[PDB]
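Read through the structure below, which is laid out as structure tokens, and then see the notes.
Just so it is clear, none of the values below were taken in a lab; they were calculated from the coordinates. Quick reminder, even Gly has a Cβ in these numbers, built from the backbone with ideal geometry, and neighbours come from all protein chains shown.
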Amino acid sequence: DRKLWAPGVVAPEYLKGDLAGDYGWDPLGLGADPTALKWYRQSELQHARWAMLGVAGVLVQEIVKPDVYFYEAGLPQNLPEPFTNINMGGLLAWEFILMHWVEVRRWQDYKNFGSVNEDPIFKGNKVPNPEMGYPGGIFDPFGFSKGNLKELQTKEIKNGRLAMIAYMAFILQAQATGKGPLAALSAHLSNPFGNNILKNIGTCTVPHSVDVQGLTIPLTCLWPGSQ
Amino acid sequence: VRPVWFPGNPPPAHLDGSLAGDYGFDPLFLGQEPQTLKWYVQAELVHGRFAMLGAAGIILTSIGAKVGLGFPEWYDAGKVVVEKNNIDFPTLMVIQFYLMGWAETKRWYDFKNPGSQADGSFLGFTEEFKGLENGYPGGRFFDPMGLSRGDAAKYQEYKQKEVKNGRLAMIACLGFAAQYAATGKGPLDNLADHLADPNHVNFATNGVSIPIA
Amino acid sequence: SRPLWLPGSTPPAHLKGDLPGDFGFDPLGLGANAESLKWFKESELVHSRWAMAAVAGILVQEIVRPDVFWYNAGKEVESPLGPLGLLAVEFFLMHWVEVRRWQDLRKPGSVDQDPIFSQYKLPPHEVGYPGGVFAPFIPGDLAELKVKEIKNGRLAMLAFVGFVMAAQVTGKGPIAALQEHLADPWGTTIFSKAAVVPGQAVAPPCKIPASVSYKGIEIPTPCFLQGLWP
Ligand code: CLA
Ligand code: CLA
Ligand code: CLA
Ligand SMILES: CC(/C=C/C=C(C)/C=C/[C@@]12O[C@]1(C)C[C@@H](O)CC2(C)C)=C\C=C\C=C(C)\C=C\C=C(C)\C=C\[C@@]12O[C@]1(C)C[C@@H](O)CC2(C)C
Ligand SMILES: CC(/C=C/C=C(C)/C=C/[C@@]12O[C@]1(C)C[C@@H](O)CC2(C)C)=C\C=C\C=C(C)\C=C\C=C(C)\C=C\[C@@]12O[C@]1(C)C[C@@H](O)CC2(C)C
């Protein structure tokens, strides 16, 4: 909790550096009751890790194949060669089942910490739990744990906050300009005084809807302006 | 210390945290007297149960009329029912009045004298009509699964859920009426019109709801 | 302790694990009452056994007589014993046996005596598990067998519901729809037939007609809760 988010401020009573990356920010007072703090820390970790994966996927996909727009990459006509124009319903079903399982298991880890640590089919191998939100074991196979756990946790969560900001930046840059992240960087380095957030806010390249195999997904933007 | 409809404002003295759905909402002090408050408790519960049934029925028939099945809307279903089937509306209405009069007179004279209706007078049925609380009869007939029995905390939770979904359904039925009065089409017609263009298709863009413009 | 439906959950207080199949699933608290729990237990037992026999019958039917459709197998039998004599014999015999089971439910030790022949009677047993002439050749322990019975029965209940809804949305039998799923896994699931989005609802049509004739009348044969379908 040292070196807070601002010089002239004080840390809240419920943030004393007990958790990783605590600068004592909480201006909306949401982590006042500890159970809500547990839930919000778990959701932080989830948003953080999924956003790290998100920016990693966008950046890697943009470098290894720039001809695919990540904003439209979810469409089946833009899926890779074995999955092109696949039935999105069965794909959604695969995802739904396979993620309902693991996320209900994670939720039960939240509700009863140390109860779903065991493999429910092969009844010999468990995953330990230093804390909640950090299983380890098969999820930490390279063995980077049993070291500076709090330090790695701070690194994880800080890169994760940064990745959250950066992925929403990717989304907004894709909605405003219609290009990918590094595409946007190269376009800003092509014209750093006429091609920026100026004269791009107010334009949404996102259409009002799409047709993915018969449906009509509403396809909104994060702000109005130019459909 | 307890959730109140208008926070900061303390609840009135007659609205303690004993009744289901008690949020201190009595700005007119209508249920100040305990007997009147019991009458109004039973009134809220009957209204909310009838409105839950009504909202579910409207929602279901509108679902069936939206997907293209042969369903009339709630504002046309009575004519369709009495005309498709050869039903005499006065006959049906007085049949309903007879049956509901029996039921509601039983319920009435169990409000006025709670121990009654269980003397075996009706047909020998004693404990099916004894009545658990005011507005909560219970028994083998009105509670065949016995959910008021067994766990008490679950029963209080179900009371809260019942009265809350009942107030929500009452508001929903009032909304059905107002939306038929305004837009002239079915409830899920309005819902689909909203889901299509949430902006520009709402109560502000009727012409009747906001008469200024 | 005992295996629960949610491994980390604490079970409801009325569900202590004494019953065969008490995996701690009563989230609504329907078996909180001690008296109604017995009726619901017997109901689970008979629903289980009926659904098990029913699923076995539909499976065997689609194996050995695939030309007939089990949803349609009421109007495609044409027995010489009449459509009403069938209903009569089954109504009377089932009324008999079910009132006997109901009197076992009401008064537990009452109906064990064979009425016609006075020398046979069932032993004093539990409610729901008669035994005796019903149960020769028990292959093992009784509690484990009751657990197996109730588990296969719950699976068969879900299996008959799946049978009904897959006969409705596909018009094919269980094994036929399974062969359809194996012929195209990603394209024949309920996710691949239906989708509701805020602006569009795609409900699959049911291949069951609205009504079948069956000898001069119009039997109404509706799909279960179409409209509420996804
Ligand atoms: C949804 C993502 C998410 C969630 C759930 C949390 C949750 C938490 N954070 Mg983290 N944080 C995040 C993202 C997130 N954070 C990001 C992106 C940053 C970088 C700006 C930070 C920086 C940060 C610091 C520096 C600290 C925390 C702390 C905390 C904890 C206390 C604060 C609290 O109770 O708020 C709970 C939060 C929520 C319930 C989510 C509210 C979301 C609102 C509704 C919308 C967000 C506003 C707006 C849309 C954001 C703009 C996006 C931008 C990219 C354009 C809590 C566990 C403190 C801590 O460690 O204490 C343990 C602390 O010191 N956070
Ligand atoms: C159960 C709640 C509920 C829900 C989910 C909806 C949903 C909808 N309504 Mg309906 N409506 C409701 C209640 C509801 N309404 C009630 C109670 C009324 C009468 C006032 C109306 C009157 C109404 C009209 C006249 C129209 C809609 C329309 C719509 C659609 C667009 C929303 C809109 O225009 O804003 C309407 C939103 C509201 C009226 C507010 C919601 C209800 C509030 C929260 C209840 C307030 C009760 C309060 C707690 C107690 C009051 C006591 C106090 C005065 C002391 C949408 C499908 C429009 C439509 O058809 O779109 C095409 C339209 O033209 N509604
Ligand atoms: C839920 C139970 C159930 C029900 C309602 C049906 C209903 C039907 N079956 Mg299916 N079936 C079932 C179970 C069931 N079956 C099981 C468990 C099997 C595996 C043995 C089969 C195997 C089967 C085949 C192979 C065929 C049918 C056919 C039929 C149809 C005509 C039946 C007929 O002609 O019998 C006529 C009546 C008899 C043969 C007399 C019954 C036999 C004796 C008297 C035993 C009865 C008592 C016994 C102790 C069982 C009591 C326990 C009970 C709870 C299971 C009809 C739609 C036929 C069809 O599709 O129609 C063309 C067909 O070909 N069924
Ligand atoms: C999870 C996440 C993103 C995940 C992204 C993924 C999986 C991306 C996947 C894809 O892109 C690829 C890979 C390739 C594409 O082809 C396909 C898709 C699928 C599109 C973003 C979260 C993004 C989350 C964000 C931006 C959250 C920001 C939260 C903040 C700022 C919270 C602030 C506060 O709450 C506190 C902390 C304290 C309070 O007191 C005060 C306030 C201010 C309220
Ligand atoms: C809105 C409503 C009551 C609202 C009351 C309010 C706000 C009270 C507020 C206050 O008093 C308190 C609390 C405290 C006081 O100090 C202050 C005030 C402010 C005074 C009741 C609705 C009550 C609504 C009810 C009972 C609705 C029942 C609906 C049914 C039965 C519908 C049936 C059908 O629609 C179908 C199903 C199919 C069709 O085809 C046939 C028909 C018949 C049309």
- Task: In whole angstrom, note down how far apart the Cα centers of the range A:3-41 and the range B:86-129 are.
- Result: 61
- Partner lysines whose C-alpha sits under 27 Å from that of A:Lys16, ignoring same-chain residues fewer than 8 away, are A:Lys3, A:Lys38, A:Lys111, A:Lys146, A:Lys150, A:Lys155, A:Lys158
- Would you list which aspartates and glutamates come within 13 Å of B:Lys154, measuring only between C-alpha atoms, while excluding same-chain residues fewer than 8 positions from it? B:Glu162, C:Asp26
- Query: What share of all Cα pairs of the range A:106-227, in percent, falls into each consecutive 10 Å distance bin?
  - Reply: 11, 24, 20, 19, 21, 4, 0
- Which whole-number percentage describes the relative contact order of chain C, with Cα contacts under 8 Å and a sequence gap of 6 or more? 18
- Residues with amide H under 5 Å of A:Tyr134's amide H, sequence separation 5 or more or different chain, H placed in the peptide plane at 1.01 Å from N; which? none
- Using modelled backbone amide H atoms (1.01 Å from N, in-plane), which distant-in-sequence or interchain residues come within less than 5 Å of C:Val197's amide H? C:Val202
- Message: With 10 angstrom as the radius, rank A:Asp26, C:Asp18 by how many other C-beta atoms surround their C-beta, starting from the fewest.
- Response: C:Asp18, A:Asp26
- Query: Hey, what did chain B get for relative contact order, percent, Cα under 8 Å, at least 6 apart?
  - Reply: 20
- Item | Radius 13 Å from Cβ of C:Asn72, net charge of other residues (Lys, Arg +1; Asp, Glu -1) | 0
- Roughly how big is the protein assembly as shown's charge dipole about its Cα centre, with Cβ charges of +1 (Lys, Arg) and -1 (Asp, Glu), in debye to the nearest 20? 640
- Note on the structure: If N is the residue count of the range B:141-213, its Cα Rg over 2.2 N^0.38 Å rounds to 1.68
- In the range B:21-119, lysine pairs 8 or more places apart or on different chains with C-alpha atoms under 25 Å apart total 4
- Report the local net charge at B:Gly186: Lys and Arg +1, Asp and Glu -1, summed over other residues whose C-beta lies under 13 Å from its C-beta. -2
- Report the relative contact order of chain A, percent, no decimals, based on alpha-carbon pairs under 8 angstrom and at least 6 residues apart. 18
- For A:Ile217, list long-range residues whose amide hydrogen, built 1.01 Å from N in the peptide plane, is under 5 Å from its own amide hydrogen. A:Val210, A:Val212
- Excluding residues fewer than 8 places away in the same chain, name every one of the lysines whose C-alpha is closer than 22 Å to that of C:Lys172. C:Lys75, C:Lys193, C:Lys207
- Those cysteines in the protein assembly as shown that have no second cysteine Cβ within a distance under 4.7 Å are B:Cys173
- Query: For the protein assembly as shown, what's the radius of gyration and Dmax over Cα atoms, in angstrom?
  - Reply: 31.9, 105
- Task: Using only the alpha-carbon atoms of the range C:1-133, report the extent along each of the three principal axes, biggest first, to the nearest angstrom.
- Result: 56, 45, 23
